[PDB]
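Visitor: Sequence plus experimental coordinates follow:
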2 protein chains.
Amino acid sequence: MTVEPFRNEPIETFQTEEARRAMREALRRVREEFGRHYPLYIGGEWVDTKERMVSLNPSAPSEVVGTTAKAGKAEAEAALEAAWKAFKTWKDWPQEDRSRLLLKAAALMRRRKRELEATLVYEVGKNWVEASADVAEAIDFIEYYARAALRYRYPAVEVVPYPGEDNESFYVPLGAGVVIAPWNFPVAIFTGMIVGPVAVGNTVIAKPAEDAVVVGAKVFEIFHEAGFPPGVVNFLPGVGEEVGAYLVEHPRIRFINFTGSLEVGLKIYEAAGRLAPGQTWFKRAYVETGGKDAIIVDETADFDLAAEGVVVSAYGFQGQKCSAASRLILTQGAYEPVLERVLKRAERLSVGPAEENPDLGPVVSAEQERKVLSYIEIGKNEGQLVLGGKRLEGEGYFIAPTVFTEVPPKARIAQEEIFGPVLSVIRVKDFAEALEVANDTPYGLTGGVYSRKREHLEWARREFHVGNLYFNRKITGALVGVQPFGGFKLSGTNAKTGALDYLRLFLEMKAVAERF
Amino acid sequence: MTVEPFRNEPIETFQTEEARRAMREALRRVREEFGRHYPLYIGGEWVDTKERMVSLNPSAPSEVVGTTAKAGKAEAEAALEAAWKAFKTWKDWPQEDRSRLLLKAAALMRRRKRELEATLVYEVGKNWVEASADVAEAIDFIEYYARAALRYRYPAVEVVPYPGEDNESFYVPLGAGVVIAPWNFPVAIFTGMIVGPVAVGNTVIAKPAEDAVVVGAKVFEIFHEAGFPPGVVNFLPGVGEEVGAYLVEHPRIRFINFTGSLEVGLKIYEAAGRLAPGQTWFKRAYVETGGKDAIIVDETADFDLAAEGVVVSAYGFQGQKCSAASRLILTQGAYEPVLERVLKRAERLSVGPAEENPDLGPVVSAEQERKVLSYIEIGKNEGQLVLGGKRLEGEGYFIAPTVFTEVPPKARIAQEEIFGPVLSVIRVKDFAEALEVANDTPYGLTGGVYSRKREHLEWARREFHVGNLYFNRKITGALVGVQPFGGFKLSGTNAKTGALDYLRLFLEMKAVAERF
Ligand SMILES: NC(=O)c1ccc[n+]([C@@H]2O[C@H](COP(=O)([O-])OP(=O)(O)OC[C@H]3O[C@@H](n4cnc5c(N)ncnc54)[C@H](OP(=O)(O)O)[C@@H]3O)[C@@H](O)[C@H]2O)c1
Ligand SMILES: NC(=O)c1ccc[n+]([C@@H]2O[C@H](COP(=O)([O-])OP(=O)(O)OC[C@H]3O[C@@H](n4cnc5c(N)ncnc54)[C@H](OP(=O)(O)O)[C@@H]3O)[C@@H](O)[C@H]2O)c1
Ligand code: NA
Ligand code: NA
């Protein structure tokens, strides 16, 4: 295989008339398609069920974007049999052949980009640029992992020679595993978690989040068209606590690739440590969980630059990002200048139906709305509400950009992942205290520093204990290949997506010696 | 750091008069020191306790070879404090400085080779060459990991650049962890499991097996003389199910590096999956467990070569190896010729006090003797006893080389790890059936094939599902660097010792971007 060097898929900003025209048509066609039903995909065929999953439009929840079939235990078993049967032959494909299949899937995804973006807009309430970033990231995972997999090809291991012998060490895939995905990046993360393991010869049963089952099905339409052999990838929309747990706990599941809440991640990691009756291996579980991410600004920073980056990081996709700035830690000299600029910028943000390309669409569901509003009530008794803090008028789940200030570092709203448009501002004396506060949470995912002082930046490089750290720019939107993505502490197992190391997680090593 | 390319430490054969003289001298020195008491080693100092552990000579169990202090929970806590305190600064050492420390420790160990070998002879009943192989492997781990660690040095990660930014990804060590070690390779595996994590900036609390506490203490004498900073390595002889479990379950233990039985490995892996109260990370646990390792011989093999390799593999160190051939799978054409040669060779093996350099010393303990004799009784009900199966005369735990034939593939003696000098012989139709029988255990550690048929060897390369596979040679004695060592299935987590990949297990990755 020889292809062009990897480059990231450009993120569309929709500033040209051509881009706006294409997006309007894609939005119109997706809207006109509301109510479509998508079956399961098992062993190379679409398989329907009696029960269904319903996906609502969070900007107008009386509108059904689509429905899917619903996987229970029988369908989970059928998918297991298909995946294990497929693994037996898929594992023996030359890596070049598997990588070409990924490249075909990326080309098909790229040709369906506007459609997939438009589906994100309606199904999970992304504005147009957030939708474009999500799809571009998905394409990047396929392109990146296709190339990275070749770096592991037979026989890839560097060993010490021995007289009179051939010593050959090589990687082999693990088997059939389950991928359990979140609603907040339901094209990007769903795709990445599936194609990485599959690229190197594993087979996958994929369980999309309930709120994002339609866009999950469209990704599977791409996989089917690309021509992955029957059983290699399987699509099981259903209830995580039911069919997801069933697969996690199953003796015949080899690995679990999970991205989602800390609460669920803890249950999955604990279950994966157990030997199910008849199980004949130690399960691998990769769990990438939440964050309570901070941006620190000190008195040497460009305050206008900082305020812009904070607003982007805090409120992009309504704060529903594992990478979102939910804490703003300001040294004494930075406090007033930065807070005033952040408030001025944030009060200008538009909120409305995602199709309108507002600054913020709705949060994803009634239950998410309930949780975010609950945390706002908690926050009112912990810090000082200085902006927003209300549901807005309308059927859609619209919440105003919200700011609390003078927040105690140990307050619930300064410790717990709210996953909505809610920023907690913490005032500290100096940079040392800023780092102490930044580090003092159970999490360790993303972080940022705005500062012109070299010594503060390099100190943070050494001591701001997060897996993805950014200086003088936004802390969201890690690019595949550029910024290996994954955290420390209770932000998960540090499985770095979009990095060469990711694929090693889905391989084991054999060493074979022949004495001549 | 520029040192000579890695080479394996030569294993002494004692064919010269000088080597034999040097060994006799070392045996004399070691036994003159049987009265010695060895304290714990915590925070850079030897620390004694009220209670003690006693180590016996398995060739003469009324003879005490030494005593050590005994770590309980309070000592575990003191070691944890020391290890975390040391981690704060040890993690910041330049890799070159840490690697030099390892190389110093290797040089000190090499200078004490005969002393350590003699200690293995008396404490765990290794004959001379088994003892020399163990010490040489220990030296190899130190030399190999010192060099391999430099491959991870700041900033090691290959990333995709982005305009107007520096993007820098690099590895950092995890923290303080616990190493829990077996008695069968109590210099080699004890050393490897400690120095691998330590090389890249972790700190370690090491819990030697009860039967091998004296030689573990001597390894710590080397670490102390080498000058590891206080708290970087700590020595806690004690009861696995007490102080070992305490550390495994502790919220402040970052990782667990374990080699031992499947029974214990299962408990450790399960515990490691749980969030202990106040714990702030997902624990990493590496567990390398037992094997039920087979050698296949087909009718095309050199039967004399096969018989010699089978006897070495089955009976080296009394079969007390995770890699030992405990199953001999013979195709119909190979059955009589190979079995007759194996019996003729095995019946000529000497058994006696390890210091006399017999073919077999004693098994390690009264408990091991009881286990092995119990499996012999089970075997009598499952297969045909054709050689040995008896305790031999003397206080020492001497058991005769044992062979059962016509053993059903699903018999307990064909499935369960006996860890003694007991070989189960299984007759099969052809090579296909040989592979089916080879694969049909819960384990997947080592395996071998004797055959001249290229198609059978290459078939086995693809389908004999063990981590370490050997053609036309013994299946024990994996060399550091040459044969990455670790298994599949219930043989553990595939942490490949003596391989570049090993050190990655003890690192996490940070990605830091600066937008200029
Ligand atoms: N670290 C990262 O890279 C990363 C990336 C994106 C998101 N996240 C995190 O994900 C969270 C938001 O996503 P979410 O609300 O979808 O998370 P979630 O509630 O944890 O659900 C994630 C997935 O797990 C399933 N699930 C729920 N309970 C389960 C169980 N007991 N066993 C097996 N599966 C189960 C869900 O199914 P249902 O939909 O049927 O409930 C869904 O598919 C946030 O905490 C965010 O920080 C982390
Ligand atoms: N896969 C490999 O690379 C490899 C290599 C060598 C040996 N082994 C395996 O090791 C086994 C023989 O070694 P062994 O008899 O020393 O194994 P073991 O009985 O499992 O003991 C291993 C270590 O674990 C400790 N331990 C026992 N129970 C514990 C618990 N509940 N929690 C934490 N630690 C605990 C022991 O302490 P105590 O001494 O106080 O009981 C000892 O230090 C065989 O199965 C062999 O195959 C595997
Ligand atoms: Na929806
Ligand atoms: Na002993």
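Guide: Received it, and whenever you're ready, just let me know what you need. Residues are numbered from 1 along each chain as shown, chains lettered A, B, ... in the order given. Ligands and ions are numbered 1, 2, ... in the order given.

Visitor: Can you give the domain ranges for chain A?
Guide: Here the domain parsing of chain A from curated CATH domains is A:1-289+A:480-516, A:290-479.

Visitor: mind giving me TSV with those and columns for mean neighbour count?
Guide: To be clear about C-beta, it is placed using only N, CA and C from the backbone, and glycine gets the same treatment. Below are these laid out as TSV (neighbours: other Cβ atoms under 10 Å in any protein chain shown):
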stretch	mean neighbour count
domain A:1-289+A:480-516	21
domain A:290-479	21
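
Visitor: now the ones you listed in a markdown table, with distance to residue B:33?
Guide: As requested, the domains of chain A are exported to a markdown table (distance: least, Cβ to Cβ, whole Å):
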| stretch | distance to residue B:33 |
| --- | --- |
| domain A:1-289+A:480-516 | 36 |
| domain A:290-479 | 46 |
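
Visitor: so which of those domains comes closest to residue B:87?
Guide: Proximity to residue B:87 (Cβ to Cβ) singles out domain A:290-479 among these, at 13.0 Å.

Visitor: Skip the chain neighbours and tell me the closest residue to the closest residue to ligand 1 within the stretch 251-400 of chain A.
Guide: Here the residue of the stretch 251-400 of chain A nearest ligand 1 is residue A:260; by Cβ to the nearest ligand atom that distance is 2.7 Å. Computed as Cβ to Cβ, 6 or more residues apart in numbering or on different chains, the closest residue to residue A:260 that is not its neighbour in sequence is residue A:182, at 4.8 Å.

Visitor: ok, now which ones touch the closest residue to chain B within chain A?
Guide: Closest residue of chain A to chain B, Cβ to the nearest Cβ: residue A:273 (2.3 Å). For residue A:273, the contacting residues are A:283, A:285, B:269, B:270, B:271, B:272, B:273, B:274, B:285, by Cβ atoms under 8 Å, 6 or more residues apart in numbering or on different chains.

Visitor: just residue A:48 next, same as before
Guide: The contact partners of residue A:48, by Cβ under 8 Å, 6+ apart, come to A:37, A:39, A:40, A:69.

Visitor: Repeat that for residue A:378.
Guide: Taking Cβ under 8 Å, 6+ apart as the criterion, residue A:378 is in contact with A:412, A:413.

Visitor: which residues touch the residue of the stretch 251-400 of chain A closest to ligand 1?
Guide: If you count contacts by Cβ under 8 Å, 6+ apart, residue A:260 has them with A:180, A:181, A:182, A:209, A:240, A:287, A:289.

Visitor: Kindly reformat the domains of chain A as a markdown table containing distance to ligand 4.
Guide: What follows is the domains of chain A, written out as a markdown table (distance: least, Cβ to the ion, whole Å):
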| stretch | distance to ligand 4 |
| --- | --- |
| domain A:1-289+A:480-516 | 30 |
| domain A:290-479 | 44 |
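
Visitor: ok, what's across the strand from residue A:42?
Guide: The partner list for residue A:42 in beta bridges (DSSP bridges) reads residue A:45.

Visitor: looking at it, it is touching residue A:85, isn't it?
Guide: No - using Cβ atoms under 8 Å, residue A:42 makes no contact with residue A:85, being 11.3 Å away.

Visitor: could you check the distance from the residue nearest to the residue of chain A closest to chain B when sequence neighbours are not counted over to residue A:466?
Guide: Residue nearest to residue A:273 in three dimensions, not counting chain neighbours: residue B:273, with 2.3 Å by Cβ to Cβ, 6+ apart. Per Cβ to Cβ, to the nearest Å, residue B:273 is found 24 Å from residue A:466.

Visitor: thinking again about what came up before, tell me the SS of the residue nearest to residue A:260?
Guide: Three-state secondary structure (criterion: DSSP: H, G, I helix; E, B strand; the rest coil) places residue A:182 in coil.

Visitor: That one reaches residue A:209, doesn't it?
Guide: Yes - Residue A:182 is in contact with residue A:209 according to Cβ under 8 Å; the separation is 5.3 Å.

Visitor: Run a quick check on residue A:324 versus residue A:295, I expect a contact.
Guide: No - here residue A:324 does not reach residue A:295: they are 10.3 Å apart, not a contact under Cβ under 8 Å.

Visitor: Strands of the stretch 1-150 of chain A, start to end?
Guide: A:36-38, A:40-42, A:45-47, A:52-56, A:64-69 (DSSP state E, counting those that start in this stretch).

Visitor: could you say what helices and strands the fourth one packs with?
Guide: Same thing as strand A:52-56. strand A:64-69, helix A:213-226 (3 or more Cβ pairs under 8 Å, 6 or more residues apart in numbering or on different chains; DSSP states H and E).

Visitor: want to try JSON lines for those, with distance to residue B:498 as columns?
Guide: Formatted as JSON lines, the helices and strands packed on strand A:52-56 follow (distance: least, Cβ to Cβ, whole Å):
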{"stretch": "strand A:64-69", "distance to residue B:498": "49"}
{"stretch": "helix A:213-226", "distance to residue B:498": "39"}
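
Visitor: I'd like to know which of the ones you listed lies nearest to ligand 2.
Guide: helix A:213-226 (38.3 Å).

Visitor: Check whether the closest one comes near ligand 1.
Guide: No - interface with ligand 1: helix A:213-226 contributes nothing (Cβ under 6 Å from any ligand atom), its closest point being 8.6 Å away.
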